[PDB]
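Each chain gets a letter, A, B and so on, in the order its sequence line appears, and its residues count up from 1. Side chains are part of it too, since the values below use all heavy atoms of this structure and drop only hydrogens, waters and symmetry mates.
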Amino acid sequence: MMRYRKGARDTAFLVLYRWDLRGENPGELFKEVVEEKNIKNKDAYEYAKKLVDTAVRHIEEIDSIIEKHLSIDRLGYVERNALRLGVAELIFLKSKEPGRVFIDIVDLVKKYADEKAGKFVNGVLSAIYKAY
Amino acid sequence: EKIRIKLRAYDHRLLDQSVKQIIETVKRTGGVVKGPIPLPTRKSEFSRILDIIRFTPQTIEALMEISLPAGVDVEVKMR
RNA sequence: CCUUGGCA
RNA sequence: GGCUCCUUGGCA
């Protein structure tokens, strides 16, 4: 409760990131990341899958939302897909642990980019949720 | 025959834009890609890894032609 | 040998 | 514990 979700968020971000860069079928890209990370745990696999399937299904509205607090293609690849993942979980999945996703999402950005990127994402993601 | 490429930079947005160009160039020449995998930022340095799992002679030509920003440093290994 | 992370 | 796994850098 609910620690497996941290790794799942990492998985999902990796998929969205490479979907953005490759523009290929998300389902197949998800399979690539799962294999590369060697994910075995059932709940880690299934929550990651739900995260991505959610982000993909609602991609247009998700982007529209983000753009209201900025054009989205101006953002970096790490920033934009972290924001996508966040909006997916907080709003379209109605996370009952919003504090956790903020922490995990912002850490993701700090890990693969830098502090500045992390602060930009946190600040934009906050305005979004606030409105919600 | 495959190719493994690692890119590094001190600017992460420039880095991911570089990775995108390589991917497009590779696909434009009938190549097939795996990744990219982002690595943890270490000492202010961002890095990414990309695998070319299928390539044509055209793919090699284009990769040789491409001029990446000097800030992006490249490491290439066939295998 | 120490260390960033993944698998968790 | 990962001698039955990968990854990053520092040293050496």
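For B/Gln58, the CD atom counts as densely surrounded, since its 6.0 Å shell holds more than 12 non-hydrogen atoms of other residues, nucleotides or ligands.
Aromatic ring centres of A/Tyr112 and B/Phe46 lie farther apart than the 6.0 Å criterion allows.
Considering only the side chain of A/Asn38, C/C7 comes nearest among D/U7, C/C7, C/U4. Closest to the side chain of A/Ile39, from the set C/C7, C/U3, C/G5, is C/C7. Nearest to the side chain of B/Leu39, among D/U8, C/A8, C/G5, sits D/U8. If you check C/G5, C/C7, C/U3 against the side chain of A/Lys40, the one that comes closest is C/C7. Here the nucleotide nearest the side chain of A/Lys6, chosen from C/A8, D/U7, C/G6, is C/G6.
Between D/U7 and C/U4, the distance separating the two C1' atoms is 9 Å to the nearest Å. C/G5 sits 22 Å from D/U4 when the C1' atoms are compared, rounded to a whole Å. The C1' atoms of D/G2 and C/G6 are separated by 13 Å, rounded to the nearest whole Å. Taking the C1' atoms as reference points, D/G1 lies 16 Å from D/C6, given to the whole Å.
Taking side-chain N and O atoms only, B/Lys43 has no distance below 4.0 Å to OP1 or OP2 of D/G10. Within the 4.0 Å cut-off from OP1 or OP2 of C/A8, not a single side-chain nitrogen or oxygen of A/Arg9 is found.
Looking only at distances, no side-chain donor or acceptor of B/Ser47 sits under 3.5 Å from a matching main-chain atom of B/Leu39.
Using a 4.0 Å cut-off between charged nitrogen and carboxylate oxygen, A/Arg84 and A/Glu60 do not count as a salt-bridge pair.
The CZ atom of B/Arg4 sits 14 Å away from the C1' atom of D/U8 (whole-angstrom rounding). Atom-to-atom, CG of A/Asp107 to P of C/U4 comes out at 15 Å; the value is rounded to the nearest Å. In this structure, A/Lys110 places its NZ atom 13 Å from P of C/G5, rounding to the nearest Å. Atoms CG (A/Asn41) and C1' (C/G6) sit 14 Å apart, rounded to a whole Å. Taking atom CZ of B/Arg48 as the reference point, atom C1' of C/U4 lies 14 Å away to the nearest angstrom. Following rounding to the nearest Å, A/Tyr112 (OH) and D/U7 (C1') show an atom-to-atom distance of 10 Å. Regarding A/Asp10, its CG atom lies at a distance of 17 Å from the P atom of D/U7, rounded to whole Å. The nearest whole Å value for the distance from the CZ atom in B/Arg42 to the P atom in D/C11 is 11 Å.
The cationic atom of A/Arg80 (NZ for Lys, CZ for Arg) lies less than 6.0 Å from the six-membered ring centre of A/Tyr77 and within 45° of the ring axis.
Across all strands shown, the partner of C/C1 is D/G10, judged by Watson-Crick or G-U wobble contacts whose two distances both fall under 3.5 Å.
Residues of residues 28-37 of chain A that place a heavy atom closer than 4.0 Å to RNA chain D do not occur.
Residue A/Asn25 holds its CG atom at 7.0 Å from CG of A/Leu29, rounded to the nearest 0.5 Å. With rounding to the nearest 0.5 angstrom, the CG atom of A/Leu70 is 10.0 Å from the NZ atom of A/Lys68.
Here A/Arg5 lies out of heavy-atom contact (under 4.0 Å) with every strand.
Checked by atom type, the side-chain pair B/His12/A/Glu79 shows a donor-acceptor distance below 3.5 Å.
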